[PDB]
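Chains A and B are the protein sequences, given in the same order. Numbering (UniProt numbering) for the first sequence: 429 to 465, 472 to 497, 502 to 630, 646 to 674. Numbering (UniProt numbering) for the second sequence: 429 to 465, 474 to 497, 501 to 629, 649 to 674.
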Amino acid sequence: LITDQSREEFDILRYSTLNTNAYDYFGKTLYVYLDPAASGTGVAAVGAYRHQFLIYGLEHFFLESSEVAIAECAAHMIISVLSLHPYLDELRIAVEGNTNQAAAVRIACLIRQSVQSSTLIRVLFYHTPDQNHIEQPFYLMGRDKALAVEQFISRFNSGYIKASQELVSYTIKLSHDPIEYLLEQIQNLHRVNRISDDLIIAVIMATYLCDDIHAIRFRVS
Amino acid sequence: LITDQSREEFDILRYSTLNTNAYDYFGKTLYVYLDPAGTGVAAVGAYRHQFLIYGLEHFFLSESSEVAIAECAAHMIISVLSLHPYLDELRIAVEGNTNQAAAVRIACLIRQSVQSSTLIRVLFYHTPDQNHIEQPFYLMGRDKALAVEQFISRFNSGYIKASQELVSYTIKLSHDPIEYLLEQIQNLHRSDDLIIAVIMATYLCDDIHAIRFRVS
Ligand SMILES: [Mg+2]
Ligand SMILES: [Mg+2]
Ligand SMILES: [Mn+2]
Ligand SMILES: [Mn+2]
Ligand SMILES: [Mn+2]
Ligand SMILES: [Mn+2]
């Protein structure tokens, strides 16, 4: 399914971002995605380097309002990633509103609040047309899922997704190695009972939406 | 000559060997080379079909000329094996083109420094001379060209990489060992004593070289 060799490499080879002053080959766009949800919240923040993908942040979160914390957990990850990578100059963010578009709306709003208080930046959100035929800041996930998974798998096995040394994770880092933790969940992927899959799904997606195809669904919030 | 990328990537891609606990495709064997007099030493191993640098030394030289050279080489090694327990054998080549005899003393001294300090199989590269005496040194001739060609070809293709925590005692704290070798890499056209040590180490990792290594 997913090759031991591809997994190993993912583990023992991470990109030493803080080693160079030559940024001329990395992205400048941080792309982030979050699965909200007994269950857990997944957050992944990725960017490009040459023709490859760099994971800069992972959160997986368990539980005053669910919604205020969820927002704050993610805003915290972004302001730290951004801090460590000054070549970044734009945030493209996608919030899965799949079980409750209502809540996810506020969560978008809240994240932007937090981030822009901290730091000066472009902040766009994944905007999809609602029921009154009107654009909102949530991702409704569905028929793409399959392509997205079958894409990562392949991208993964060929070594295109790489972690960074200085990857930020305030939820996972004090208990596990973000990356080994992630692997336990990649190890668990299947094509299409008790298997929290929220971290990996968040990764997969945050990697799929970076294309040109979706370059326009992101829009000033 | 060498890509602006293959450098850039060397700088920012290093093996983090201690999150893994497989070592299923890790080179158990560690290859070491040294060029005597600037003197240069390189500890090198294999990952799958690619190479890693584990350790690096450029030492400048009070008497007992051969003892310092060897003692320095040895310290690196024991530091390096201590960090990578999967390492279980040792293939050391000691260049000797000025004096061949002094090459052989340095050989035997390194041998003693290690086996005193740790229990491990240790082979040296051998070469016949006047009397057909298979003697524990490597003589470096027409191959330099070849070996270096292979190296360019390998390094551009991204197969020669560094361990994120690699040993250097002779270098590390006013210079970064990686940046330090890297400046010597931008020099090569087919002083330089370190990179030659690197070029040779990797070169000797090849199966076609195995029988030349024996128990000293
Ligand atoms: Mg640098
Ligand atoms: Mg591991
Ligand atoms: Mn979900
Ligand atoms: Mn979920
Ligand atoms: Mn020499
Ligand atoms: Mn020399």
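Cβ coordinates follow ideal geometry from the N, Cα and C atoms, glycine included.
message: Given this structure, state the Cα-to-Cα distance separating B:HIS565 from B:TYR608, to the nearest angstrom.
response: Distance between B:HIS565 and B:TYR608, taken at the CA atoms: about 28 Å.
message: When you compare the CB of A:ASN595 with every CB in chain B, is at least one pair closer than 7 Å?
response: Not an interface residue.
- prompt: Shortest alpha-carbon distance to B:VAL587 belongs to which of B:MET658, B:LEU488 and B:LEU462?
  reply: Just measuring C-alpha positions, the residue of B:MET658, B:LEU488 and B:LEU462 sitting nearest B:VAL587 is B:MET658.
- prompt: Just how far apart, CA to CA, sit B:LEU488 and A:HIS485?
  reply: C-alpha separation (whole angstroms): 24 Å.
field: Within 8 Å of chain B by C-beta, residues of the stretch 600-618 of chain A in sequence order
entry: Cβ contacts with chain B come from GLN603, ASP615, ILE617 and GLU618.
For B:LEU529, the residue or residues it bridges with in DSSP: Its beta-bridge partners are B:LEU458 and B:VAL561.
- request: Let me know if A:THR660 comes out buried or exposed under the rule of 16 or more other beta-carbons within 10 Å of its beta-carbon.
  value: Classified as buried, A:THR660 has 16 or more neighbouring CB atoms from the shown chains inside 10 Å of its CB.
- request: Inspect the CB distances between the stretch 600-619 of chain B and the stretch 518-538 of chain B and report whether three or more fall short of 8 Å.
  value: Touching, per the Cβ criterion.
message: For a quick check, are the C-beta atoms of A:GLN539 and A:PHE563 less than 7 Å apart?
response: Taking a C-beta distance under 7 Å as the contact criterion, A:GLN539 and A:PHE563 do not qualify as a contact pair.
message: For the structure I just gave you, are there three or more beta carbon pairs, one from the stretch 612-621 of chain B and one from the stretch 552-561 of chain B, closer than 8 Å?
response: The stretch 612-621 of chain B makes no contact with the stretch 552-561 of chain B: fewer than 3 CB pairs, one atom from each, lie closer than 8 Å.
- prompt: For A:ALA542, which of A:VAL519, A:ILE572, A:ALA509 and A:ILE430 has the nearest alpha-carbon?
  reply: Between A:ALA542 and the set A:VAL519, A:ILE572, A:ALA509 and A:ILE430, the nearest pair of CA atoms involves A:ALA509.
- request: With a cut-off of 8 Å on the beta carbons, I'd call B:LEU441 and B:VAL519 a contact; round off their distance for me.
  value: That pair is no contact at about 20 Å.
task: Please work out which residues of its chain come closer than 7 Å, Cβ to Cβ, to B:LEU462, disregarding the five sequence neighbours upstream and downstream, and give them in chain order.
output: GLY476, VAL477, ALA512, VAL533, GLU534 and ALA655, listed in sequence order.
query: What residue from A:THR431, A:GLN433 and A:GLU528 has the CA that sits closest to A:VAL673's CA?
result: The shortest CA-to-CA distance from A:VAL673 to any of A:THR431, A:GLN433 and A:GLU528 is the one to A:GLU528.
field: CB contact below 7 Å: A:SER444 versus chain B
entry: So yes, A:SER444 belongs to the interface.
- prompt: Roughly how many angstroms separate the alpha carbons of B:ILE669 and B:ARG629, rounded to a whole number?
  reply: The C-alpha of B:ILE669 lies about 28 Å from the C-alpha of B:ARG629.
message: What does the alpha-carbon distance come out to for the pair B:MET579 and B:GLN625?
response: So the alpha carbons of these two residues sit roughly 23 Å apart.
- prompt: Which bits of chain B does A:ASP439 rub up against, with CB to CB less than 8 Å?
  reply: Under the 8 Å cutoff, chain B gives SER444, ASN447 and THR448.
query: By a C-beta neighbour count over all protein chains shown, 10 Å radius and 16 as the cutoff for buried, is B:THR537 buried or exposed?
result: Under this definition B:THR537 is an exposed residue.
field: Straight-line gap, A:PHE438 to B:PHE438 (C-alpha atoms, nearest Å)
entry: One C-alpha to the other measures close to 17 Å.
- request: Along the beta strand (DSSP E) that carries A:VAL480, what are the first and last residues, could you check?
  value: Start and end: 475-483.
task: Examine ligand 5 and report whether any of its heavy atoms sits within less than 6 Å of the Cβ of B:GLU534.
output: Yes, since a heavy atom of ligand 5 falls inside the 6 Å radius drawn around the Cβ of B:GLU534.
field: Reduced DSSP category for A:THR660 - H, G, I as helix; E, B as strand; rest coil
entry: A:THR660: helix per DSSP, three-state reduction.
task: Kindly indicate which three-state DSSP category B:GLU436 falls into: helix, strand or coil?
output: Note: B:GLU436 maps to helix in three-state DSSP.
Distance cut-off 6 Å: A:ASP651 Cβ against heavy atoms of ligand 4: Yes; taking the cut-off as 6 Å, the Cβ of A:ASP651 has a heavy atom of ligand 4 nearer than that.
message: Quick test of your reading: B:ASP582 and B:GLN574, contact by CB under 8 Å. State the CB separation rounded to the nearest angstrom.
response: With 8 Å as the limit, B:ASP582 and B:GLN574 do not qualify as a contact, their Cβ atoms being about 18 Å apart.
task: Taking B:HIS494 and B:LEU652 to be in contact with their CB atoms under 8 Å, please state how far apart those CB atoms are, rounded to whole angstroms.
output: Confirmed, about 5 Å.
message: For A:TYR443, report the span of its beta strand (DSSP E) as first-last.
response: Where A:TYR443 is concerned, the enclosing beta strand (DSSP E) stretches over 441-443.
task: Just tell me which of B:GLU436, B:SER504 and B:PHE594 has its CA closest to the CA of A:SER444.
output: The option with the nearest alpha carbon to A:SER444 is B:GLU436.
message: What does the Cβ neighbour count give for B:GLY491, buried or exposed, with the cut at 16 atoms within 10 Å?
response: It counts as buried.
- prompt: Per DSSP, which one or two residues make a beta bridge with B:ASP651?
  reply: B:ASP651 pairs with nothing; no bridge assigned.
Distance between A:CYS547 and A:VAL506 (C-alpha atoms, nearest Å): So the alpha carbons of these two residues sit roughly 10 Å apart.
query: How would you label A:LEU620, buried or exposed, when you count the other beta carbons within 10 angstroms and need 16 or more for buried?
result: Sixteen is the threshold: when 16 or more other Cβ atoms of the shown chains lie within 10 Å of the Cβ of A:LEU620, as they do, the residue is buried.
message: Considering just the uninterrupted stretch of the beta strand (DSSP E) at B:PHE487, what are its terminal residues?
response: For B:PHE487, the uninterrupted beta strand (DSSP E) segment begins and ends at 486-495.
query: Between B:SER552 and the rest of its own chain, which residues show a CB-CB distance below 6 Å, the 5 nearest in sequence each way excluded?
result: The residues are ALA513.
message: Quick check: B:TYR483 and B:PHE496, are their CB atoms within less than 7 Å of each other?
response: For B:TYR483 and B:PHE496, no; Cβs fall outside 7 Å.
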